[PDB]
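One chain follows as structure tokens, the form deposited in one PDB entry.
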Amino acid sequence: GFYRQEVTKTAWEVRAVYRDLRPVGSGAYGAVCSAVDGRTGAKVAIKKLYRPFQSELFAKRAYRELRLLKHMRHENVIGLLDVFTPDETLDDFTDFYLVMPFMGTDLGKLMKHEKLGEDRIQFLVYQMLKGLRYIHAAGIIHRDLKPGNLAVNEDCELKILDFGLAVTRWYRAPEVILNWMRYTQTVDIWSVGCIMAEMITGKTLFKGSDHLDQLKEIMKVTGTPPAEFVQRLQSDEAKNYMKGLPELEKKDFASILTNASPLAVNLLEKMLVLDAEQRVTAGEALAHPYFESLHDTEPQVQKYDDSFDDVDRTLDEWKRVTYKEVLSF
């Protein structure tokens, strides 16, 4: 009395090298399939961009994603193995595909599926910080680091995803919630801290309903910042808001993270401070004694020039520049 049917029937056109296409995930900007590279035999992930040239905004974002992926060459940062288009000429150019190493899962699902002891947590945070140090050395800020953006394979190797293209705010720095200061690289550090805390205790550290509730939950732990920090804020609304907050003392992280080693508590105390200038950088965090047991952790990477991304272009010009990028691979 019933019949089965596939309802989403999207069509892919990929190089003959990649065999065994299998869906993995979807997204607003593209869909991902697993495949096997016939040459090396390695497992790869192929992302088909979702209508990249339906609008000038989508085209700009696809071009920036492509250039960011081409620029980064680090083991803890997702990179490009290949880029291709099935279209034969520029006038027919409508779809292009990105090829990346295949990661079995992301840290978000892993936190609910797997036991994460001290050693695996240490290694994962270690890889996060190395990838972040590489990204920051290139002058790029992730700005939206979360467990879903951290891919992990079977070897506990980690890669950062969706960087520079800026669930939503439990891992956002306080300067991102209120937009009260110019963003620095250390915003990503805050995210790591949150993630690391959630890795240790198994509970979201700062889980708020609305934005102001997020800041309430944050300052319950960090305490109110000194008035001097409030006077250096750029936003006037945030300044007036922080003025009228009742005084709150800093809570001891050992009481918060009851099942954390002293070194973990120390590193987290240096990561989760309200003033971004007082936060350790990725390199300083990597030098913490918490990572002493791991092999030593500057990257020589060219500064990323975003001027080419900000050139005002028509859709035809976006298609031509993206086509050149695709063919230049």
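For every residue, the number given is its place in the sequence shown, counted from 1.
Below: the form solved in complex with a small molecule, not depicted.
Single option in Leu257, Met103, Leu233, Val83 placed near the small molecule in the entry with it bound, where near means a heavy atom within 4.5 Å | Residue within 4.5 Å of the partner: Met103.
Heavy atom within 4.5 Å of the small molecule in the entry with it bound - the one residue of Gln185, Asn149, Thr204, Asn76 that qualifies = The option sitting close enough to the partner is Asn149.
Given that the partner is absent here, state which listed stretch (280 to 288, 51 to 59, 23 to 31, 260 to 268) has heavy atoms within 4.5 Å of the small molecule in the entry with it bound.
-> Within 4.5 Å of the partner lies stretch 23 to 31.
Answer with yes or no whether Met111 is in contact with the small molecule in the entry with it bound, where contact means some heavy atom within 4.5 Å.
-> No.
Spell out, yes or no, whether the shortest heavy atom distance between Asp144 and the small molecule in the entry with it bound is within 4.5 Å.
-> Looking in the entry with it bound, residue contacts with the small molecule include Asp144, since a heavy atom lies within 4.5 Å.
So, in the entry with it bound, is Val273 in contact with the small molecule at a 4.5 angstroms heavy atom limit?
-> No, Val273 stays farther than 4.5 Å from the small molecule in the entry with it bound.
State yes or no: in the entry with it bound, is some non-hydrogen atom of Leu161 no more than 4.5 angstroms from a non-hydrogen atom of the small molecule?
-> Judged by the heavy-atom cut-off of 4.5 Å, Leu161 is in contact with the small molecule in the entry with it bound.
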